[PDB]
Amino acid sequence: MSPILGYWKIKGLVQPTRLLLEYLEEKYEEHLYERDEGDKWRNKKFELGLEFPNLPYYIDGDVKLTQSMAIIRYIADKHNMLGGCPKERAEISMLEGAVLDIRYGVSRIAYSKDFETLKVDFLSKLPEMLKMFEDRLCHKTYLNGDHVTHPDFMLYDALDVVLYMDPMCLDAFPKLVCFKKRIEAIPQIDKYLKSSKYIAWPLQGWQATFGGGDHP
């Protein structure tokens, strides 16, 4: 029985997890809830055996999990990708948080009716955040070295998003522009992005002022 990954039919908080699964060439099925299926989900919420019911969820022969970060880390952990010692594991967790500051930075304002005003102060702070990654990649191929790790897919997802907000936010960051291409040059990812499973939009929930709607 193939693992089930439930979530809205958007990119949201699970996009990075989808990408890690594709990368590892893991098999899995998806329980996607359409914009109007809110009710279809509420009637199942407390019937799946989840100790902490929420979206996304991940169910397979071994576990039943919720909290998108617990899920991506589990899939990575099952492939010995979380780090070989305390120090390395803390390096990888530091990369997770730094990426989330960016990604969550967008979500916290993408639902306000004053998006444009908020979008201005945000983009004034985004640069400092990007440059930390720009330097981290000065001599590395990927965030943790020569081998891909899950924070790589999270960062990719964050760049894909801040680029919709502002197509020029990476002009001063060549290594990040390259990092983004390099992730797409990975065989498994390129296949996925061109397959029928890829969900290109929306970025956030359909009702958001930014990254919302049924079409780009």
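In this text, residue numbers run from 1 along the sequence as written. Take the two forms, find the largest set of C-alpha atoms that superpose within 1.5 Å, and that set is the rigid core.
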Between 68-76 and 107-115, which has the larger RMS C-alpha deviation from this form in 8 other deposited structures of this protein after core superposition?
107-115
Between 152-160 and 57-65, which one strays more from this form in 8 other deposited structures of this protein if you match the rigid core and compare Cα atoms?
57-65
Average Cα temperature factor in the PDB entry - higher stretch of 67-75, 115-123:
115-123
Higher avg CA temperature factor (207-215 vs 4-12, as deposited) belongs to 207-215
Could you tell me which one of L143, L100, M94, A110 shows the highest CA temperature factor in the PDB record?
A110
Of the options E184, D39, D152, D160, which has the highest CA B factor as deposited?
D39
Looking at the C-alpha B-factor of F46, is it in the lowest, middle or highest third of its chain?
highest
Third of the chain's Cα B-factor distribution that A172 belongs to, per the entry
middle
Lowest, middle or highest third of the chain for the C-alpha temperature factor of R35?
highest
Ranked C-alpha temperature factor of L82 among modelled chain residues, by third
lowest
Is the Cα B-factor recorded for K131 in the lowest, middle or highest third of its chain?
lowest
